[PDB]
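Let's start with one chain on its own, the form deposited without the named molecule, as structure tokens.
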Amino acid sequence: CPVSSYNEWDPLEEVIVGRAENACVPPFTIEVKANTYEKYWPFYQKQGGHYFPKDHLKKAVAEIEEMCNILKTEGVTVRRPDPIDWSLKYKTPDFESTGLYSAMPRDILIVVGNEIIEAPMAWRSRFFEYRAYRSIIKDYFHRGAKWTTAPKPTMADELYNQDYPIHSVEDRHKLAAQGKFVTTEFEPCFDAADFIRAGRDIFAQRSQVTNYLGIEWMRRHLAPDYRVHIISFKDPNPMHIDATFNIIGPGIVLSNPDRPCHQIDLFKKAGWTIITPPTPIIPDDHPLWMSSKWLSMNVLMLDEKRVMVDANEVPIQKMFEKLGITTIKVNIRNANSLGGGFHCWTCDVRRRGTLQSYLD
């Protein structure tokens, strides 16, 4: 079986790396608005449906090709999704929309053991995103891997709170604190990136795109072998957990200083080392259409002592170095604009290791 990964750190052998080609600006609908900084709302309002700036995409393609070269150098087998034009307008009986991209495999695929799981997603523009990854998945399936697709939502109006009172990121943080998100509990929905793996224990956060029904589905589907825990944070990211609580080793986690975890004591009690990374140094003028500046901690571990970290972020590089972790510096400053760092731009398919508990 070519598929086999129980955590985020065991020696990496095979990975799927995303594509920047033909990425499209999603139409400005409520769920897009609730997952982006106000600074860019007018960009979405105007550019929605068109491709992301092509000169910018071109630099990202180059950055990602180099990253793939380095992965091969580091002994990792790299697979890439199929090229697709994401501008095609599709129409289900519930809605009509254009696509986004297949830049982030971590948003849609999660590997638990020998099982590859396709997340349902929660954005109308990401409904048919799975199409880019099917060739790779069918191959793993032919070769023995288990293949699962969580229930694809209808994404009917009922899934969204069309009147979500958000006018600034400050409002959303407040609502998020009151348990109010743009997604209702009408049906299961979630992005795989809201889940982070540590062997028998998987951690999830209810976010703007991952509801409790979505987490319960995962929980029910993986029990009894795996345990899915729900954790929360202060001023959380609207979507995705990997630049907020990145588990980098057995009992070691990077905790974003701006998004403290409410359940941090569960981890201190388990004897876990909580490391808080230094601040990012990325220029405020550099466009980050999605995500925040914290992509610096969105690292990918090649193994426990080897991390792929952004070439520009010297301060977090030094941190890893004083920790005895070898830094493989790669520059993906332009790829970052699409919404992700090393962890998001990949999906670890096979890591050499076994299923263990680290929470004891």
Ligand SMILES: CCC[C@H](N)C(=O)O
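Numbering starts at 1 and runs along the sequence shown.
Another form, the form solved in complex with the named molecule, is not on view; read the next lines as being about it.
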> Would residue 259 sit within 4.5 Å of the named molecule in the entry with it bound, counting heavy atoms only?
Replying inline: yes
> So in the entry with it bound, does residue 23 come within 4.5 Å of the named molecule, heavy atom to heavy atom?
Replying inline: no
> Would residue 291 show up as a contact with the named molecule in the entry with it bound if we use heavy atoms at 4.5 Å?
Replying inline: yes
>> Against the named molecule in the entry with it bound, would residue 243 count as a contact residue? Criterion: heavy atoms within 4.5 Å.
In response: yes
> Just one of 159, 239, 76, 253 has a heavy atom within 4.5 Å of the named molecule in the entry with it bound. Which one?
Replying inline: 239
> Which of these stretches, 327 to 335, 291 to 299, 42 to 50, 59 to 67, has heavy atoms within 4.5 Å of the named molecule in the entry with it bound?
Replying inline: 291 to 299
